[PDB]
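Here is the structure we will look at.
Every chain is numbered from 1, with letters handed out A, B, ... down the list of sequences. Indexing begins at 1, ligand by ligand and atom by atom, following the structure's order. These numbers come from the heavy atoms of this one structure, side chains and all, not from hydrogens, waters or symmetry mates.
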Amino acid sequence: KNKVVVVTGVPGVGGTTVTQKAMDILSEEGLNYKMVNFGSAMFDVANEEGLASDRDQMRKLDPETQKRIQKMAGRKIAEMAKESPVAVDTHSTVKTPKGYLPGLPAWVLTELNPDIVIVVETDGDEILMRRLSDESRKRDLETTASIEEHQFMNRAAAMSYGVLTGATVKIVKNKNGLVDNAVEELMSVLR
Amino acid sequence: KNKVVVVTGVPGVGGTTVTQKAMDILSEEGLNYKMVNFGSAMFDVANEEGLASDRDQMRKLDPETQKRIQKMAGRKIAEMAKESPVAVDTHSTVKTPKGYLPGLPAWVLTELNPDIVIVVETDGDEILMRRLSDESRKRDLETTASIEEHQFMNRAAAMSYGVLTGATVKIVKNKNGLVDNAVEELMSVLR
Amino acid sequence: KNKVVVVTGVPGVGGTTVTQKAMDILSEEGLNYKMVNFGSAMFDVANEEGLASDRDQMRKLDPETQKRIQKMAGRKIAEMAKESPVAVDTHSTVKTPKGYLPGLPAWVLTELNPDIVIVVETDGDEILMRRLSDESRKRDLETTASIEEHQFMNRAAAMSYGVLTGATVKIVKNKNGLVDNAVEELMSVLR
Ligand SMILES: Nc1ncnc2c1ncn2[C@@H]1O[C@H](COP(=O)(O)OP(=O)(O)OP(=O)(O)OP(=O)(O)OP(=O)(O)OC[C@H]2O[C@@H](n3cnc4c(N)ncnc43)[C@H](O)[C@@H]2O)[C@@H](O)[C@H]1O
Ligand SMILES: Nc1ncnc2c1ncn2[C@@H]1O[C@H](COP(=O)(O)OP(=O)(O)OP(=O)(O)OP(=O)(O)OP(=O)(O)OC[C@H]2O[C@@H](n3cnc4c(N)ncnc43)[C@H](O)[C@@H]2O)[C@@H](O)[C@H]1O
Ligand SMILES: Nc1ncnc2c1ncn2[C@@H]1O[C@H](COP(=O)(O)OP(=O)(O)OP(=O)(O)OP(=O)(O)OP(=O)(O)OC[C@H]2O[C@@H](n3cnc4c(N)ncnc43)[C@H](O)[C@@H]2O)[C@@H](O)[C@H]1O
């Protein structure tokens with residue numbers, strides 16, 4: 001009976017790093033989590049079917065386009081749970097033109113059946129500051145207000161995921177320099 | 001079924017207007033939706049049963065089966081949608097005296113399944129102020145701390161709806177004097 | 001219809017005394033709702049098994065063991081509600097090292113089928129003093145910010161519950177020295 005952890009965040013919050021750096025310290029101790037990336041789940045199956053041209057042209061497609069390739073990673077990742085403790089790096093909601101789209105709607109929530117959901121946070125100002133220094137990608141650097149509104153809906157969604165699955169919801173805080181503090185807490189929650 | 005859109009917001013925030021005005025402009029575009037005030041769609045159930053008269057003793061009505069009424073109206077709109085894209089002017093939660101009442105309960109929610117939920121928001125001060133100008137209704141005059149509260153719990157409903165039904169949650173701001181901007185927001189989300 | 005009322009408030013807020021007082025008055029005027037305390041109930045399930053020596057340290061167990069016990073207690077009360085209306089005393093979310101474990105997952109909400117979910121609230125300054133002036137316990141005395149984060153997620157928990165069960169979500173304030181505003185406002189919705 002293995003453990004599925006969901007690590008959610010707004011872009012540029014550092015969900016991924018904190019996760020990766022968390023499993024590495026764990027690997028050496030005994031606990032070999034997976035590093036699935038729920039977004040890339042659907043991008044191994046996307047250029048493969050001609051909907052994007054990279055990993056930043058997927059949330060500029062229509063609602064009916066993404067919501068097919070979702071319920072598929074849903075059990076495809078669930079499969080991987082019949083092998084090892086998973087850590088599904090995903091998004092509580094998704095910023096799109098149509099509005100906040102749930103990153104794990106009920107049908108994906110049953111398929112995955114999480115034991116813990118985690119909402120990595122920080123200020124919009126710090127998030128924004130981080131979005132700029134990351135040469136590795138393109139960030140909206142939108143206003144603080146939109147960050148907070150997102151981070152607000154991310155909580156109400158995270159909590160519903162906990163209601164529906166019984167998953168406990170952890171809120172990790174991740175400050176500049178203090179990223180070590182987010183790992184270790186993601187660790188006490190992972191162990 | 002088809003494309004179904006639910007448009008919500010506390011009394012006074014002007015969600016009804018934003019909806020009519022959009023579908024006025026939409027009707028001249030050769031695409032045709034459907035105004036439906038969930039409120040009166042369920043008034044037809046009222047007198048046909050003689051349970052209360054007013055459209056007031058229905059959030060103030062005997063709480064057994066306020067839900068009965070609520071239930072039926074929600075699947076009546078159901079078929080109203082296979083036929084045409086629908087737009088449902090309603091509320092996320094209804095501030096009855098037993099607390100907030102979820103406009104779209106689990107059942108009605110499934111019995112409808114919108115592809116979009118829309119949350120219309122503005123300051124308590126302005127909401128309050130529009131209520132003074134709504135002479136069309138026998139309005140109440142509540143505090144702002146409590147308007148803000150209700151808009152809180154609304155967003156939460158609204159997001160629990162999204163998850164349960166894969167629908168996108170859009171928060172559309174509708175400030176004083178700027179009716180048309182929210183109209184443009186509603187619309188480009190309907191397309 | 002037999003009436004299941006749920007009442008929640010972070011530890012320290014006064015959910016218990018609120019419901020206590022609310023019933024004396026009700027019991028000395030006809031309806032004694034059954035006074036039932038979710039944690040008292042499930043403690044009795046744990047001590048008997050040895051998993052807990054004190055009621056206090058059950059939330060420091062593992063989530064999954066907490067959910068087990070929790071589920072047994074949810075169905076102990078379910079049979080309690082076949083034969084008398086029950087104001088059940090519980091929590092929107094429990095605070096654990098692994099985050100906010102819900103207080104009524106979907107399967108538990110199904111069990112009780114509450115009609116009203118009530119949230120008791122107040123400032124985290126006021127609560128922190130209630131926690132110090134309470135001999136009957138051994139409180140851990142946490143940060144203000146951590147109380148509002150819990151009281152936040154509580155609201156989204158308790159809102160989730162409304163959308164699933166169709167219960168009404170009543171929010172109720174218990175300030176210092178004003179213990180009897182809560183009692184009376186509870187009854188007013190309790191009867
Ligand atoms: N389940 C779902 N359903 C439907 N669609 C889904 C979905 N899940 C994903 N998608 C789709 O997938 C696409 C991809 O998502 P998108 O958000 O665009 O990229 P991502 O794969 O999800 O990664 P992030 O954007 O979240 O970057 P990150 O900050 O979280 O991680 P990291 O810390 O390593 O990023 C680098 C950051 O590290 C942080 N960092 C690095 N060094 C430091 C430091 N020294 N101090 C503090 N922070 C640091 C910085 O903030 C830096 O920016 C989206 O279009 C989305 O629509
Ligand atoms: N889901 C469901 N379940 C259970 N019950 C349900 C239900 N759905 C509905 N009901 C029931 O239906 C009943 C009421 O019907 P319903 O119409 O659904 O709710 P309501 O309380 O009566 O809503 P209002 O008409 O008062 O507010 P509004 O913002 O929609 O009105 P308007 O667009 O005119 O805006 C207000 C005024 O401000 C003006 N205004 C001024 N400036 C602006 C501007 N800047 N933008 C927009 N409007 C402006 C507008 O012109 C207008 O005059 C309730 O009892 C409720 O129980
Ligand atoms: N659904 C679920 N799922 C999984 N686990 C669950 C669960 N539900 C419960 N649990 C578990 O069960 C346990 C729950 O224990 P629980 O039953 O919840 O604790 P308790 O013994 O009742 O006391 P609390 O710590 O809960 O404080 P309270 O404020 O709620 O009650 P009170 O008003 O009397 O506090 C009284 C004190 O506050 C003060 N006070 C009250 N009102 C006022 C007033 N207005 N002015 C001044 N002081 C006041 C007085 O000083 C008094 O001393 C947890 O460990 C958890 O594991």
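- Salt bridge annotation for B:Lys138-B:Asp56: absent, with no cationic side-chain nitrogen under 4.0 angstrom from a carboxylate oxygen.
- Closest approach of C:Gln66 and C:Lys60 over heavy atoms only: OE1-N, 4.3 Å.
- A:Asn174 and A:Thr122 form no side-chain donor-acceptor contact under 3.5 Å, judged by distance and modelled atom types alone.
- Pocket lining of ligand 3, defined as residues with a non-hydrogen atom under 4.0 Å away: C:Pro11, C:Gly12, C:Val13, C:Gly14, C:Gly15, C:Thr16, C:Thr17, C:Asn37, C:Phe38, C:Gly39, C:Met42, C:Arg55, C:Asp56, C:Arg59, C:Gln70, C:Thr90, C:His91, C:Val94, C:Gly103, C:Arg130, C:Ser133, C:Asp134, C:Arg137, C:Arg139, C:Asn174, C:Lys175, C:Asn176, C:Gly177, C:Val179.
- Tested against B:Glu185, the residues B:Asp180, B:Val120, B:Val172 include a single side chain to side chain contact (heavy atoms under 4.5 Å, CB included) partner, B:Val172.
- Between the side chains of B:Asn154 and B:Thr93, at least one donor N or O lies within less than 3.5 Å of an accepting N or O.
- One side chain, C:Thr16 or C:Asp89, offers a donor N or O that lies under 3.5 Å from an acceptor on the other.
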